[PDB]
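K.L.:
Experimental structure below, sequence on top.
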There are 2 protein chains.
Amino acid sequence: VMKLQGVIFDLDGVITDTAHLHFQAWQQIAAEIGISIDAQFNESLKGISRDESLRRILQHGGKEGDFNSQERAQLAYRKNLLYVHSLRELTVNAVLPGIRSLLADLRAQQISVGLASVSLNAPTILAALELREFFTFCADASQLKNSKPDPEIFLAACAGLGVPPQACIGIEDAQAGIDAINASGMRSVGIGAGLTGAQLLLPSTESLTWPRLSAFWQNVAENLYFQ
Amino acid sequence: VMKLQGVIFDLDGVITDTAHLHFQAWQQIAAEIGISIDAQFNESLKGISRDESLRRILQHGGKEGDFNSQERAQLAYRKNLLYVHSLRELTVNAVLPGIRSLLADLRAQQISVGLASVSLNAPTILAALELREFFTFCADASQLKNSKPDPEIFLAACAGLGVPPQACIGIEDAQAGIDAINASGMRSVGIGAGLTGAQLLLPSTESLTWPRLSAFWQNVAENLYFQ
Ligand SMILES: [Cl-]
Ligand SMILES: [Cl-]
Ligand SMILES: [Cl-]
Ligand SMILES: [Cl-]
Ligand SMILES: [Mg+2]
Ligand SMILES: [Mg+2]
Ligand SMILES: [Mg+2]
Ligand SMILES: [Mg+2]
Ligand SMILES: [Mg+2]
């Protein structure tokens, strides 16, 4: 059996959820220019670029004509600033169920732990969650050329851990993330119903335990022709 | 470097294209009940169940009321019969470019070749294309419980070849197929722009050569920690 050398984690939707904080920042910037948006409006911002998100908010309040590209840039700066402050305010209680105990178990088993997050705010987030001590290496999102589903960020995490991708498990909650893990050569674990292409599919982070990951590893890593 | 033990092929969209033949069979059965459909109508049959495909044809001609479920079953039987006859009429020229030369090369290299097709007509098809002699094992689609993206059909092909999935390359043209290959533990090769999650993505079957597959294998199978 090939030895498991690393377990590499996506951040959003696996370690913690940042979606509500993104919306709350947009809602605050909107309110500061006299526009009311709600969680129902936030569906219109789901999977949308930063510039188009702001434009949709402006359209919603009939205010596209009141801001040029430079002034919109200033609104976007403030929105991001408020968002990052909210990340620094996260507590240990924002970690998803099962995650802290799994990280503790991996470290007790001397398994190296990687982070493959595309967020430039990842270190700020892990610090707030009080989880930095569990990670061996975190990929640098500021150096990323292609986001998921390109395997780059996962390949970067593996290289940082100093091991080949096939000696690692990757954990994701999104299809583009599963696709990126698969394309990199890593063994894929998905969190959430509906994901396809995962070698191990779990319904939530609570199902994510060391004994389960270890059993999964022993199953997929075995090769009669290496006995 | 782990030894490459098998290359496993999807049938439709990789070895040959059956889409036009499916449409031509539907068009003939439609004509036999006085209904004219064209290739433009065939978009409405794309990714549709057999029963709903027939119902849409009947609706198109205003004839839903003229056939009960048993009579529709008789129309479906004839459509399938015409379709299967057309498969038996396929010639060597229906094989996609690059495929026959690749199969010849794999066999010269003593690499076992598998088929992972969900079609019950696969053996009829390979016989017509004069390709049976290149295949070591073909998975039995009549025993299949879950179709792609479930990895079952690829796992069945690997088991039939007597080797673990990770010692095999799988080749697919569809996203559900790539997902199935990935979930099985096999190394994935995709044919067609737009596919995600493939370890090697090629634009067409013409790009699919032994030297390329071999270079791909040597790259992904290497592990410093096995030297
Ligand atoms: Cl992330
Ligand atoms: Cl998703
Ligand atoms: Cl097929
Ligand atoms: Cl597809
Ligand atoms: Mg995520
Ligand atoms: Mg704090
Ligand atoms: Mg296909
Ligand atoms: Mg013939
Ligand atoms: Mg894989």
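P.N.:
Cool, the structure landed. Numbering: from 1, shown residues only, chains lettered A, B, ... in the order given. Ligands and ions are numbered 1, 2, ... in the order given.

K.L.:
hang on, residue A:146 packs against residue A:152?
P.N.:
Yes. With contact defined as CB atoms under 8 Å, residue A:146 counts as touching residue A:152 (5.0 Å). Every residue, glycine included, has its C-beta placed from N, CA and C.

K.L.:
More neighbours: those two, which one.
P.N.:
Set side by side, residue A:146 and residue A:152 give different neighbour counts by other CB atoms under 10 Å in any protein chain shown, the larger being at residue A:152 (20 against 11).

K.L.:
What segments of chain A are helices?
P.N.:
Secondary structure of chain A (DSSP state H): helices located at A:19-32, A:50-60, A:69-88, A:99-108, A:122-128, A:152-161, A:175-184, A:210-220.

K.L.:
so which of these comes closest to chain B?
P.N.:
The stretch from the helices of chain A with the least distance to chain B (CB to the nearest CB) is helix A:175-184; that distance is 3.4 Å.

K.L.:
Next, see if the closest one gets close to chain B.
P.N.:
Yes. Applying CB under 8 Å from any CB of the partner chain, one finds helix A:175-184 touching chain B at A:176, A:178-180, A:182-184.

K.L.:
among the residues you listed, which ones are buried?
P.N.:
Buried by 16 or more other CB atoms under 10 Å in any protein chain shown: A:178-180, A:182-184, out of the residues of helix A:175-184 next to chain B.

K.L.:
Please identify which of these is nearest to residue A:191.
P.N.:
When those are ranked by distance to residue A:191 (CB to CB), residue A:178 comes first, at 9.6 Å.

K.L.:
Next up, the contacts around the closest one.
P.N.:
With contact taken as CB atoms under 8 Å, 6 or more residues apart in numbering or on different chains, residue A:178 is in contact with A:172, A:188, A:190, A:195-198, B:197.

K.L.:
now do residue A:143
P.N.:
Contacts of residue A:143 were listed using CB under 8 Å, 6+ apart, and they are residue A:156.

K.L.:
ok, now residue A:88?
P.N.:
Each residue near residue A:88 by CB under 8 Å, 6+ apart is listed here: A:124, A:128.

K.L.:
which residues are contacting stretch A:187-194?
P.N.:
The set of residues external to stretch A:187-194 that reach it, using CB under 8 Å, 6+ apart, is A:13-14, A:166, A:168-173, A:178, A:181-182, A:197-205, A:207-208, A:213, A:216-217, A:220-221, B:182-183, B:185.

K.L.:
at 6 Å instead, please
P.N.:
Applying CB atoms under 6 Å, 6 or more residues apart in numbering or on different chains, the set of residues contacting stretch A:187-194 from outside is A:169-171, A:173, A:178, A:181-182, A:198-202, A:205, A:220.

K.L.:
Can you report how many residues neighbour residue A:46?
P.N.:
By other CB under 10 Å, the burial measure for residue A:46, its neighbour count, is 10.

K.L.:
swap in residue A:47?
P.N.:
The local packing count at residue A:47 equals 7, with neighbours defined by other CB under 10 Å.

K.L.:
Nearest spatial neighbour of the closest residue to ligand 5 within chain A, chain-adjacent residues omitted?
P.N.:
Nearest residue of chain A to ligand 5 (CB to the ion) works out as residue A:13 at 3.4 Å. Counting by CB to CB, 6 or more residues apart in numbering or on different chains, the nearest residue to residue A:13 once its immediate chain neighbours are dropped is residue A:173, at 3.4 Å.

K.L.:
and the contacts of residue A:178 as TSV, adding distance to residue A:91 and neighbour count?
P.N.:
Shown next, in TSV, are the contacts of residue A:178 (distance: CB to CB, whole Å; neighbours: other CB atoms under 10 Å in any protein chain shown):
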residue	distance to residue A:91	neighbour count
A:172	24	28
A:188	30	28
A:190	27	25
A:195	29	22
A:196	34	20
A:197	34	26
A:198	30	26
B:197	35	26
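
K.L.:
Go through those residues and name the one nearest ligand 1.
P.N.:
Out of these, the member with the shortest distance to ligand 1 (by CB to the ion) is residue A:172, at 9.6 Å.

K.L.:
what pairs with the closest one across the strands?
P.N.:
Applying DSSP bridges to residue A:172 gives these bridge partners: residue A:190.

K.L.:
wait, it sits on residue A:10?
P.N.:
Yes. Under the criterion of CB atoms under 6 Å, residue A:172 is in contact with residue A:10, at a separation of 4.6 Å.

K.L.:
quick one: common contacting residues for the two?
P.N.:
With contacts taken as CB under 6 Å, 6+ apart, residue A:172 and residue A:10 have no neighbour in common.

K.L.:
which residues touch the closest residue to residue A:207 other than its chain neighbours?
P.N.:
Nearest residue to residue A:207 in three dimensions, chain neighbours excluded: residue A:98, at 7.3 Å (CB to CB, 6+ apart). Contact criterion CB under 6 Å, 6+ apart gives A:205-206, A:208 as the residues in contact with residue A:98.

K.L.:
filter the residues you listed by proximity to ligand 1?
P.N.:
With respect to ligand 1, and counting by CB under 5 Å from the ion, no part of the contacts of residue A:98 is in contact.

K.L.:
Let me have these in CSV, extended by neighbour count.
P.N.:
Putting the contacts of residue A:98 into CSV (neighbours: other CB atoms under 10 Å in any protein chain shown) gives the following:
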residue, neighbour count
A:205, 21
A:206, 14
A:208, 22
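
K.L.:
for the residues you listed, which one is nearest ligand 7?
P.N.:
Ligand 7 has its nearest neighbour among the contacts of residue A:98 in residue A:208, at 33.1 Å by CB to the ion.

K.L.:
how close does that closest one get to residue A:9?
P.N.:
Here the criterion is CB to CB, to the nearest Å. By it, residue A:208 lies 10 Å from residue A:9.

K.L.:
Could you do residue A:158 as well?
P.N.:
Counting by CB to CB, the gap from residue A:158 to residue A:9 is 13 Å.

K.L.:
re earlier: residue B:112: which of the contacts of residue A:98 is nearest?
P.N.:
residue A:208 (36.3 Å).

K.L.:
quick one, phi psi at the closest one?
P.N.:
phi -90, psi 90 (degrees, to the nearest 10).

K.L.:
Can you name the residues that contact it?
P.N.:
Residues touching residue A:208, when contacts are defined by CB under 6 Å, 6+ apart, comprise A:98, A:102, A:202.

K.L.:
how close does it get to ligand 3?
P.N.:
Remark: distance between residue A:208 and ligand 3 (CB to the ion, to the nearest Å) = 35 Å.

K.L.:
and what of residue A:39?
P.N.:
Using CB to the ion, we find residue A:39 at a distance of 44 Å from ligand 3.

K.L.:
Within range of ligand 1, give me the residues from chain A.
P.N.:
Going by CB under 5 Å from the ion, the residues of chain A near ligand 1 are A:11-12, A:117, A:119.

K.L.:
Could you dump those residues into TSV with neighbour count and distance to ligand 7 added?
P.N.:
Output for the residues of chain A next to ligand 1, formatted as TSV (neighbours: other CB atoms under 10 Å in any protein chain shown; distance: CB to the ion, whole Å):
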residue	neighbour count	distance to ligand 7
A:11	23	35
A:12	19	33
A:117	24	34
A:119	15	36
